[PDB]
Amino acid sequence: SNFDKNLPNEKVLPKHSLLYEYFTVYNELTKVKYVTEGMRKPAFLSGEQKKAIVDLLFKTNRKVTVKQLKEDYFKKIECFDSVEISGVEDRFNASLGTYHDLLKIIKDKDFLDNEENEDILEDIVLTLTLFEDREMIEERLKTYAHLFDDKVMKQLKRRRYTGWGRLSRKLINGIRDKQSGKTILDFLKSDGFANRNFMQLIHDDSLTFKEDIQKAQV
């Protein structure tokens, strides 16, 4: 029913898709800037810093505050003395809410952290977004009975997600830049010292995302 304006034949992701949530977290993190002693100008987070922040803070807290970023990552892990932060205010807006929802139900961190389970997790969230009938949810989710016992299934089949996102899975982690082979989400995760965000990536004449989006139009 709802199609991605960038790729008009692709349907949009559920609002609570965990892939969509990771997109929002990395899009926000890639424009964070910091300054510590000895620096003459603020710097962007590196790909390694962004990954560590996601693993250490966003996977352990529904909401991440700037104080946690300063104390529990920059001081604790990077051993900075002091740090000033820009590009985020008070607390990060983005959240891996669905990571925490599913981790509480499934109680298997390794399952949630394993990106090879992406298709299963996206299918679960889509099912819980499309249907409000317990029986119709279980009819679709029982294909995963070999992974989830009846305690997990009883909880999942009563859960509901509402709302649609604005972007398709093919746009955010499908189309590849011609020269590099990287998806948009790949660039949000790591983009050298340029740290282009989503709006920059799809308007950048030195990449091919803009060209792909124009070709996808009528």
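Numbers follow the displayed sequence, beginning with 1.
Higher mean CA B-factor, judged across 167 to 175 and 41 to 49 from the recorded values: 41 to 49. With 133 to 141 and 96 to 104 compared on mean CA B-factor from the PDB entry, the stretch scoring higher is 133 to 141. Taking the deposited Cα B-factors for 191, 28, 150, 55, the highest one is held by 150. Among the modelled residues of the chain, residue 183 sits in the lowest third by CA temperature factor in this PDB entry. Among all modelled residues in its chain, residue 7 ranks in the middle third by Cα B-factor. Residue 216 sits in the middle third of its chain by CA B factor, as recorded in the PDB entry. In the deposited entry, the Cα temperature factor of residue 121 sits in the middle third of values across the chain's modelled residues. Compared with the other modelled residues of the chain, the Cα B-factor recorded for residue 128 ranks in the lowest third.
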